[PDB]
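Taking it in order: structure first as structure tokens, then the write-up.
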Amino acid sequence: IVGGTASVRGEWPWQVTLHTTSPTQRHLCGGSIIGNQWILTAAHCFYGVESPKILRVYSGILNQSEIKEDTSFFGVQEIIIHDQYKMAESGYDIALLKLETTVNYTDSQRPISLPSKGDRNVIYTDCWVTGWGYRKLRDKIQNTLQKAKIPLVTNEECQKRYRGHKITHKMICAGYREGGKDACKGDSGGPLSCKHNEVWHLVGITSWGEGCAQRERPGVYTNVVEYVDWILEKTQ
Ligand SMILES: Cn1nccc1-c1cnn([C@H](CC2CC2)c2ccc(-c3c(-n4cnnn4)ccc(Cl)c3F)c[n+]2[O-])c1
């Protein structure tokens, strides 16, 4: 996260850190708890992942340094990538992780609701991007989970900033005109979380952008509301 600030414990309890363990253990991507056995993340995260065997899902984590050899984690039973996914910039950047067991929800590990049926025309004005990613394009995975408040941009404006790409209704963009706050390397797969009527909804999945926090180059997110039917079909 560029231009963000440190979170505190329990602040974003649906945020998980997905680790790979091949050839070494490291944070790979963010993700969001959406059910007791289900993480929603980005399909692009699994480029070069040979199988679910090497993945570990950690929940209730504030600092990456909390993770040691005896830290509990969830195994991944299945990676479900959208059947139309080819590359992040062309959309369908969405994946479900089915965990090997059920999360028991606690103050530190909580689900986030999907965008609600009937809220199709809600204007979200309180949206936050979170993660352990870089604070600038040439950096390092951060220890403490970072947060940044970022305004949604219309798809029309977003297309004007990305005239080499097809910005579709299945994407949502977010960013300041002058830049300064954005996701960056290591944040993808995590949530764009928006609060409406004091309830958090998973509005976006952090996906891609041209650089990090550049002026007139918003971050691009998978528009979760357009995949609710797909999510429900897979989780049922
Ligand atoms: C894990 N790891 N450890 C070390 C390095 C990394 C690493 C490297 N790239 N990535 C991912 C993709 C990769 C996981 C398949 C990635 C790709 C793009 C973005 C991104 C950007 N950026 C544009 N230029 N940089 N960022 C801007 C906006 C928005 Cl909205 C974004 F999503 C974020 N991430 O995370 C993780």
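In the structure tokens, chains take letters A, B, ... by order of appearance, with residues numbered from 1 within each chain and ligands from 1 in the order shown.
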Inset, instruction - Go through the chains and note each residue within 7 Å of ligand 1, using only C-alpha atoms and all ligand atoms, then give the set as a list in words. - result: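 Within the 7 Å cut-off, the matching residues are residues 27, 28, 29, 44, 45, 46, 47, 133, 137, 140, 141, 182, 183, 184, 185, 186, 187, 188, 206, 207, 208, 209, 210, 211, 212, 219, 220 and 221 of chain A.
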Could you write out that same residue set with N, CA, C and O atoms as an mmCIF file, in the first residue's frame?
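Everything below was put into again_31.cif:
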```
data_model
loop_
_atom_site.group_PDB
_atom_site.id
_atom_site.type_symbol
_atom_site.label_atom_id
_atom_site.label_comp_id
_atom_site.auth_asym_id
_atom_site.auth_seq_id
_atom_site.Cartn_x
_atom_site.Cartn_y
_atom_site.Cartn_z
ATOM 1 N N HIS A 27 4.969 -14.313 1.827
ATOM 2 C CA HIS A 27 3.673 -13.770 1.460
ATOM 3 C C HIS A 27 3.545 -13.684 -0.057
ATOM 4 O O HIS A 27 4.403 -13.118 -0.742
ATOM 5 N N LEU A 28 2.459 -14.236 -0.579
ATOM 6 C CA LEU A 28 2.172 -14.216 -2.005
ATOM 7 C C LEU A 28 1.096 -13.208 -2.381
ATOM 8 O O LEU A 28 1.258 -12.458 -3.352
ATOM 9 N N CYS A 29 0.003 -13.174 -1.626
ATOM 10 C CA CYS A 29 -1.155 -12.371 -2.009
ATOM 11 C C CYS A 29 -1.998 -12.103 -0.779
ATOM 12 O O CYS A 29 -1.922 -12.832 0.211
ATOM 13 N N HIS A 44 -4.720 -14.175 -10.585
ATOM 14 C CA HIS A 44 -3.340 -13.924 -10.994
ATOM 15 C C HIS A 44 -2.345 -14.415 -9.954
ATOM 16 O O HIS A 44 -1.199 -14.728 -10.297
ATOM 17 N N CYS A 45 -2.765 -14.490 -8.691
ATOM 18 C CA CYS A 45 -1.893 -14.959 -7.614
ATOM 19 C C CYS A 45 -1.320 -16.337 -7.867
ATOM 20 O O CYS A 45 -0.256 -16.659 -7.326
ATOM 21 N N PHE A 46 -1.973 -17.160 -8.678
ATOM 22 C CA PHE A 46 -1.570 -18.548 -8.788
ATOM 23 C C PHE A 46 -0.736 -18.817 -10.018
ATOM 24 O O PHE A 46 -0.484 -19.981 -10.353
ATOM 25 N N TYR A 47 -0.276 -17.764 -10.681
ATOM 26 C CA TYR A 47 0.724 -17.927 -11.723
ATOM 27 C C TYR A 47 1.941 -18.656 -11.159
ATOM 28 O O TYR A 47 2.554 -18.208 -10.187
ATOM 29 N N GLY A 133 1.592 -5.031 0.951
ATOM 30 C CA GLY A 133 2.377 -4.795 -0.239
ATOM 31 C C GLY A 133 3.375 -3.655 -0.095
ATOM 32 O O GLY A 133 3.487 -2.987 0.934
ATOM 33 N N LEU A 137 7.099 1.489 -5.783
ATOM 34 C CA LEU A 137 7.266 0.460 -6.806
ATOM 35 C C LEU A 137 8.479 -0.432 -6.548
ATOM 36 O O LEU A 137 8.438 -1.629 -6.851
ATOM 37 N N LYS A 140 9.577 -3.567 -0.580
ATOM 38 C CA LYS A 140 9.611 -4.852 0.097
ATOM 39 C C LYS A 140 8.241 -5.101 0.704
ATOM 40 O O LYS A 140 7.493 -4.162 0.984
ATOM 41 N N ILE A 141 7.914 -6.378 0.906
ATOM 42 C CA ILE A 141 6.703 -6.711 1.648
ATOM 43 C C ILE A 141 6.804 -6.114 3.045
ATOM 44 O O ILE A 141 7.858 -6.183 3.695
ATOM 45 N N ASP A 182 -2.652 4.074 -3.156
ATOM 46 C CA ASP A 182 -2.946 3.018 -4.119
ATOM 47 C C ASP A 182 -2.453 1.709 -3.527
ATOM 48 O O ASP A 182 -1.656 1.697 -2.585
ATOM 49 N N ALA A 183 -2.944 0.611 -4.086
ATOM 50 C CA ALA A 183 -2.299 -0.676 -3.878
ATOM 51 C C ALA A 183 -0.974 -0.736 -4.635
ATOM 52 O O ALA A 183 -0.709 0.052 -5.549
ATOM 53 N N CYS A 184 -0.128 -1.690 -4.247
ATOM 54 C CA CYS A 184 1.129 -1.921 -4.949
ATOM 55 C C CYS A 184 1.486 -3.399 -4.811
ATOM 56 O O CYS A 184 0.669 -4.204 -4.352
ATOM 57 N N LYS A 185 2.698 -3.756 -5.247
ATOM 58 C CA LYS A 185 3.116 -5.155 -5.318
ATOM 59 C C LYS A 185 2.966 -5.835 -3.967
ATOM 60 O O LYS A 185 3.550 -5.396 -2.971
ATOM 61 N N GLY A 186 2.211 -6.923 -3.940
ATOM 62 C CA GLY A 186 1.969 -7.665 -2.724
ATOM 63 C C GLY A 186 0.603 -7.423 -2.131
ATOM 64 O O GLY A 186 0.202 -8.158 -1.219
ATOM 65 N N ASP A 187 -0.139 -6.437 -2.645
ATOM 66 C CA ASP A 187 -1.502 -6.203 -2.192
ATOM 67 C C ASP A 187 -2.543 -6.954 -2.996
ATOM 68 O O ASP A 187 -3.689 -7.073 -2.528
ATOM 69 N N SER A 188 -2.188 -7.471 -4.174
ATOM 70 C CA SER A 188 -3.223 -8.042 -5.025
ATOM 71 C C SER A 188 -3.866 -9.252 -4.350
ATOM 72 O O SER A 188 -3.272 -9.906 -3.483
ATOM 73 N N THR A 206 -8.282 -6.438 -5.253
ATOM 74 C CA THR A 206 -7.118 -5.739 -5.775
ATOM 75 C C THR A 206 -6.488 -6.524 -6.915
ATOM 76 O O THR A 206 -6.108 -7.687 -6.734
ATOM 77 N N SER A 207 -6.366 -5.888 -8.088
ATOM 78 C CA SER A 207 -5.989 -6.631 -9.295
ATOM 79 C C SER A 207 -4.769 -6.067 -10.031
ATOM 80 O O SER A 207 -3.777 -6.791 -10.182
ATOM 81 N N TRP A 208 -4.804 -4.826 -10.534
ATOM 82 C CA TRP A 208 -3.688 -4.348 -11.354
ATOM 83 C C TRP A 208 -3.740 -2.830 -11.482
ATOM 84 O O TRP A 208 -4.732 -2.187 -11.140
ATOM 85 N N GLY A 209 -2.655 -2.274 -12.008
ATOM 86 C CA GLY A 209 -2.606 -0.854 -12.302
ATOM 87 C C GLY A 209 -1.286 -0.534 -12.963
ATOM 88 O O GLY A 209 -0.346 -1.331 -12.936
ATOM 89 N N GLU A 210 -1.235 0.645 -13.568
ATOM 90 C CA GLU A 210 -0.020 1.093 -14.240
ATOM 91 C C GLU A 210 0.848 1.808 -13.212
ATOM 92 O O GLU A 210 0.554 2.943 -12.831
ATOM 93 N N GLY A 211 1.907 1.136 -12.756
ATOM 94 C CA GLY A 211 2.691 1.662 -11.648
ATOM 95 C C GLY A 211 1.889 1.590 -10.355
ATOM 96 O O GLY A 211 0.862 0.911 -10.255
ATOM 97 N N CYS A 212 2.362 2.323 -9.349
ATOM 98 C CA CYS A 212 1.689 2.382 -8.055
ATOM 99 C C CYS A 212 1.456 3.834 -7.672
ATOM 100 O O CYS A 212 2.412 4.605 -7.555
ATOM 101 N N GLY A 219 -5.936 2.452 -9.487
ATOM 102 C CA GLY A 219 -5.904 1.017 -9.328
ATOM 103 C C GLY A 219 -7.166 0.388 -9.889
ATOM 104 O O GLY A 219 -8.243 0.993 -9.899
ATOM 105 N N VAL A 220 -7.021 -0.829 -10.407
ATOM 106 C CA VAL A 220 -8.127 -1.548 -11.024
ATOM 107 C C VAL A 220 -8.403 -2.793 -10.196
ATOM 108 O O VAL A 220 -7.470 -3.505 -9.782
ATOM 109 N N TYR A 221 -9.679 -3.032 -9.925
ATOM 110 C CA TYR A 221 -10.117 -4.059 -9.003
ATOM 111 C C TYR A 221 -11.174 -4.898 -9.696
ATOM 112 O O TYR A 221 -11.951 -4.390 -10.505
#
```
Inset, instruction - Give the alpha helix (DSSP H) residues of region 13-195 of chain A, as DSSP finds them on the backbone, and put them as JSON, numbers by chain. - result: {"A": [155, 156, 157, 158, 159, 160, 161]}
Inset, instruction - With a distance cut-off of 10 Å and only C-alpha atoms, select the neighbouring residues of residue 126 (chain A), excluding the residue or stretch itself and same-chain residues fewer than 4 positions from it, and output the selection as a PyMOL selection string. - result: chain A and resi 149-152+193-196+198+200
Using the selection just defined, write its residues with C-alpha atoms as an mmCIF file, in the first residue's frame.
```
data_model
loop_
_atom_site.group_PDB
_atom_site.id
_atom_site.type_symbol
_atom_site.label_atom_id
_atom_site.label_comp_id
_atom_site.auth_asym_id
_atom_site.auth_seq_id
_atom_site.Cartn_x
_atom_site.Cartn_y
_atom_site.Cartn_z
ATOM 1 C CA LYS A 149 -8.840 5.229 1.999
ATOM 2 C CA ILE A 150 -9.314 5.543 -1.757
ATOM 3 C CA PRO A 151 -12.201 7.035 -3.784
ATOM 4 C CA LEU A 152 -13.967 5.016 -6.451
ATOM 5 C CA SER A 193 -13.706 -2.898 1.438
ATOM 6 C CA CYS A 194 -16.487 -0.304 1.508
ATOM 7 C CA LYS A 195 -18.665 0.557 4.496
ATOM 8 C CA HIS A 196 -22.325 1.327 3.824
ATOM 9 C CA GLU A 198 -22.159 0.709 8.975
ATOM 10 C CA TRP A 200 -18.598 -3.633 5.354
#
```
Inset, instruction - Using DSSP on the backbone coordinates, identify the residues of region 108-171 of chain A assigned to strand (DSSP E or B); present them as number ranges by chain. - result: A: 109, 113, 127-131, 144, 146-149, 152-153, 171
What are the closest atom pairs, with distances in Å to one decimal, for all residues of region 9-66 of chain A lying within 8 Å of region 98-102 of chain A? Consider only C-alpha atoms, order rows by chain and residue number, and present the result as a tab-separated table.
```
residue	atom	partner	partner_atom	distance
A:36	CA	A:102	CA	4.9
A:37	CA	A:102	CA	4.7
A:38	CA	A:98	CA	5.0
A:39	CA	A:98	CA	6.7
```
Got time to write the residues from that selection, C-alpha atoms, as a tab-separated table (two decimals), in the first residue's frame?
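As a result, out_8.tsv now contains:
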```tsv
chain	number	residue	atom	x	y	z
A	36	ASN	CA	-16.05	-20.39	7.13
A	37	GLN	CA	-14.23	-22.45	4.48
A	38	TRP	CA	-13.84	-19.81	1.75
A	39	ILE	CA	-11.28	-17.15	0.80
```
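The residue that comes closest to residue 3 (chain A), out of A:148, A:171, A:95, A:88 and on the basis of only C-alpha atoms, is A:148.
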Inset, instruction - Go through A:48, A:4, A:164, A:31 and flag the residue nearest residue 192 (chain A), using only C-alpha atoms for the distances. - result: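 Under the stated criterion, the closest residue is A:31.
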Which polymer residues have any atom within 9 Å of an atom of residue 5 (chain A), counting only C-alpha atoms, with same-chain residues fewer than 4 positions away left out, as a compact mmCIF listing (two decimals) with N, CA, C and O atoms, in the first residue's frame?
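New file around21.txt:
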```txt
# COMPACT_ATOMS: atom_id res chain seq x y z
N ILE A 1 0.83 -1.21 0.00
CA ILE A 1 0.00 0.00 0.00
C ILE A 1 0.87 1.26 0.00
O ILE A 1 1.72 1.44 0.87
N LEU A 145 0.30 -4.77 8.45
CA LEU A 145 -0.80 -4.54 7.52
C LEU A 145 -1.10 -3.05 7.41
O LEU A 145 -1.31 -2.37 8.41
N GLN A 146 -1.12 -2.55 6.17
CA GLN A 146 -1.36 -1.14 5.90
C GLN A 146 -2.77 -0.94 5.36
O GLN A 146 -3.39 -1.85 4.81
N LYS A 147 -3.28 0.28 5.53
CA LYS A 147 -4.60 0.66 5.05
C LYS A 147 -4.52 2.01 4.37
O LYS A 147 -3.67 2.84 4.71
N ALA A 148 -5.41 2.23 3.40
CA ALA A 148 -5.53 3.53 2.77
C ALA A 148 -6.95 3.71 2.27
O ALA A 148 -7.53 2.78 1.69
```
Shell of 10 Å around residue 17 (chain A), only C-alpha atoms, local chain residues under 2 positions omitted, as a short mmCIF file (atom, residue, chain, number, x, y, z; two decimals) with C-alpha atoms, in the first residue's frame:
```
data_model
loop_
_atom_site.label_atom_id
_atom_site.label_comp_id
_atom_site.auth_asym_id
_atom_site.auth_seq_id
_atom_site.Cartn_x
_atom_site.Cartn_y
_atom_site.Cartn_z
CA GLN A 15 -7.97 -9.88 5.61
CA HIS A 19 1.75 -17.69 1.68
CA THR A 20 3.58 -19.84 -0.80
CA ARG A 26 6.81 -15.85 1.72
CA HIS A 27 3.67 -13.77 1.46
CA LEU A 28 2.17 -14.22 -2.01
CA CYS A 29 -1.15 -12.37 -2.01
CA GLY A 30 -3.92 -10.90 0.07
CA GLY A 31 -7.38 -12.41 0.34
CA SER A 32 -10.70 -12.05 2.12
CA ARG A 56 -0.79 -21.67 3.48
CA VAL A 57 -3.60 -19.32 4.52
CA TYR A 58 -2.92 -17.28 7.67
CA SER A 59 -5.74 -15.39 9.35
CA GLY A 60 -5.77 -13.04 12.31
CA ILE A 61 -2.33 -11.69 11.35
CA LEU A 62 -1.31 -8.09 11.89
CA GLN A 64 4.10 -10.84 9.10
CA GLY A 131 -2.42 -5.21 2.50
CA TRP A 132 1.22 -5.96 3.18
CA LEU A 145 -0.80 -4.54 7.52
CA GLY A 186 1.97 -7.66 -2.72
CA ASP A 187 -1.50 -6.20 -2.19
CA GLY A 189 -5.93 -10.51 -4.08
CA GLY A 190 -6.82 -8.50 -0.98
#
```
Inset, instruction - For region 113-118 of chain A, list every protein, DNA or RNA residue within 6 Å, evaluated using only C-alpha atoms, and leave out those in the same chain fewer than 2 positions away; present the list as a list in words. - result: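 Those residues are residues 120, 201, 202 and 225 of chain A.
Among the candidate residues A:10, A:139, A:129, A:134, the one lying nearest to residue 175 (chain A) is A:129, with distances computed using only C-alpha atoms.
The environment of residue 51 (chain A) within 10 Å, counting only C-alpha atoms and disregarding residues fewer than 3 places along the same chain, consists of residues 46, 48, 54, 55, 76, 77, 78 and 79 of chain A.
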